[PDB]
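Breakdown of the fold
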Amino acid sequence: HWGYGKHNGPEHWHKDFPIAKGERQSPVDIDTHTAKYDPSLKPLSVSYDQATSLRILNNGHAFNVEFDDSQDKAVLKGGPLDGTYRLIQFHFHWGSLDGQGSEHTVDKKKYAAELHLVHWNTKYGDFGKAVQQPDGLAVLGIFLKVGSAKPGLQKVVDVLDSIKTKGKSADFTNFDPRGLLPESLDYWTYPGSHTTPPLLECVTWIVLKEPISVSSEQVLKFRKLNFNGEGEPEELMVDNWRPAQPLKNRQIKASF
Ligand SMILES: [Zn+2]
């Protein structure tokens, strides 16, 4: 099936998911000079004090931190959004080297990694139904640069050993997502899609301007993950990012 290799990479996805070359595909390049300042844009509201993490899993394309979304426990509202979005999971995209890894780019600049906090619109009742709506999801994107270590991230780094290969999972309770947020909530927003198959065009992108710094050692551990299942040839999980897609008329607005 699809992956990030030469034979099943992003350039091949269109064959199985024709929407690959749709009109509101993601990620894109954020041109800071063309992005439009919108004063009608409300401040983001991140309510994660009562978040409940459950576990972490290696799905063979990335690692996911799953949360209990049976109640309005960890929610996102305000900004360009209408209604309440519930956090379901978070994952990252990274590279083989520090000069690449982000999906979205700023003025063509690539970051070391990119964190995705995925949320679904409650009016649709479940994740599965939300992915069928134009306003079904809301993903908060955060860039990672290499500098100083991120204390909040270390809990996640230490558990990777446990989910080395495709299909493994481990209990992961009492993880507070708040340790991964930058100081500023200033952002860019545009309508787009998921960055992995089914690449459904149901996402309201919310990309934070201010990146979070992670240490060399922390990102190094990400790079030790495997795409492959256990007992199979070892394929390091690196460069699990999709290249920037055409804006195609769409407009990127700024909250600042
Ligand atoms: Zn993602």
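The rules behind each value
- Residues numbered from 1 in each chain as written, not as in the entry; some residues may be left out.
- Heavy atoms only, no water.
- Helix = DSSP H or I, 4+ residues; strand = E, 2+ residues; numbered from the N terminus.
- Rg over C-alpha atoms; globule rule 2.2 N^0.38 Å.
- Buried < 20%, exposed > 50% of the residue type's maximum accessible area, 1.4 Å probe, protein only.
- Areas by Shrake-Rupley, 256 points an atom, 1.4 Å probe, with all protein chains shown as cover.
- Donors = N, O, S within 2.8 Å, 3.2 Å for Na, K, Ca; no water.
- Core = buried A, V, L, I, M, F, W, Y, C linked by side-chain atoms within 4.5 Å.
- Contact = heavy atoms within 4.5 Å.
- Salt bridge = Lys/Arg side-chain N within 4 Å of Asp/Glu carboxyl O.
- Polar contact = N/O pair within 3.5 Å; in protein donor to acceptor, adjacent residues only side chain to side chain.
- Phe/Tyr/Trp six-rings, centres within 6.5 Å; stacked < 30°, edge-to-face > 60°.
- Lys NZ or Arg CZ within 6 Å of the ring centre and 35° of its normal.
- UniProt positions renumbered as here; feature names shortened; annotations may be inferred.

It is worth spelling out the overall build of the chain at this point. Counting its secondary structure elements, the chain contains 3 helices and 15 strands. The C-alpha radius of gyration of the chain comes to 17 Å, within 12% of the 18 Å expected for a compact globule of 256 residues. Residues classed as buried in the chain amount to 50% of the 256 residues present. Of the accessible surface of the chain, which amounts to about 11700 Å², a share of 50% is contributed by carbon and sulfur atoms.

What follows is about the coordination of the zinc ion. Around the zinc ion, the protein contributes the donor atoms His91 (NE2), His93 (NE2) and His116 (ND1), which lie 2.0 to 2.2 Å from the metal centre. Donor residues for the zinc ion sit on one chain with the sequence pattern H-x1-H-x22-H. With respect to burial, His91 and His93 carry one shared label: buried.

This part takes up the nonpolar core. Here is a general trend for soluble globular proteins: nonpolar side chains tend to be buried in one another's company. With 47 residues, the main nonpolar core has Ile56, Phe63, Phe90, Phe92, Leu140 and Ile206 as its most contacted residues. Listed by contribution, the elements that provide at least two residues to this core are strand 5 (63-67), strand 7 (85-94), strand 9 (113-121), strand 10 (137-146), helix 2 (154-159), strand 13 (203-208), strand 14 (212-214) and helix 3 (216-222). Sorting elements by how many residues they give to this core places strand 7 first, with 5 residues. Discounting chain neighbours no more than four positions away, the residues touching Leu140 are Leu44, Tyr48, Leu115, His116, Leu117, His119, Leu181, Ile206 and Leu208. Formed by 22 residues, the second largest nonpolar core is a distinct cluster that contains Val118, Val131, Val203 and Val207.

Glancing now at unusual backbone geometry. That bond from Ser26 to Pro27 is cis: its omega, 10 degrees, falls within 30 degrees of zero. You can see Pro27 is positioned in the segment before strand 1 (29-30). Cis rather than trans, the peptide bond between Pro197 and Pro198 has omega equal to -15 degrees. For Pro198, the position within the fold is in the loop between strand 12 (187-192) and strand 13. Backbone geometry places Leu199, a non-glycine residue, at a positive phi of 40 degrees. Counting through the fold element by element, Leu199 comes out in the loop between strand 12 and strand 13. Here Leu199 falls in the buried class, since its relative accessible area comes to 0%.

All right, on to the pattern of salt bridges then. Applying the stated criterion across every chain, the model contains 12 salt bridges. Where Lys253 meets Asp38, a salt bridge forms, and the shortest distance between an N and an O atom there is 3.9 Å. Given the relative accessible area of 16%, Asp38 is considered buried. Ionic pairing is found between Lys209 and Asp186, a salt bridge with its closest N-O pair at 3.9 Å.

On to the side chain of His116. The topology assignment puts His116 in strand 9. Owing to a relative accessible area of 2%, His116 belongs among the buried residues under this scheme. Reaching out from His116, the side chain makes a polar contact with the side chain of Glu114 at a distance of 2.7 Å. The contacts of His116, once residues within four sequence positions are left out, are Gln89, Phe90, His91, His93, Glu103, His104, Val139, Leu140, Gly141, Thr195 and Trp205.

What follows deals with the packing of aromatic side chains. Overall, the coordinates contain 15 aromatic pairs when judged by the stated rule. Relative to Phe227, the ring of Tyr4 has its centre 6.3 Å away and its plane inclined at 15 degrees; by these criteria the two rings are stacked. The class for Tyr4 is buried, based on a relative accessible area of 16%. Accessibility expressed as a relative area gives 10% for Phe227, which makes it buried. A centroid spacing of 6.0 Å and a plane angle of 85 degrees characterise the contact between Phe90 and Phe92, whose relative ring orientation is edge-to-face. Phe92 gets classed as buried once you look at its relative accessible area, which sits at 1%. Put simply, the rings of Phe63, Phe67, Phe90, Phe92, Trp94, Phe172, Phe175 and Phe222 touch in pairs and so form one group of aromatic residues. Lying across the ring of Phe172, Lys155 places its NZ or CZ 5.3 Å from the centre. Its guanidinium or amino end placed over the ring of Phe256, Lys209 lies 3.9 Å from that ring's centre, counting from NZ or CZ.

Okay, the UniProt feature "active site" in the chain next. If you check UniProt for "active site", the listed places come out as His61 in our numbering. Mapped onto the fold, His61 is located in the loop between strand 4 (53-58) and strand 5. Beyond its immediate sequence surroundings of up to four residues, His61 is in contact with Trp2, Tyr4, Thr196, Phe227, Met237 and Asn240.

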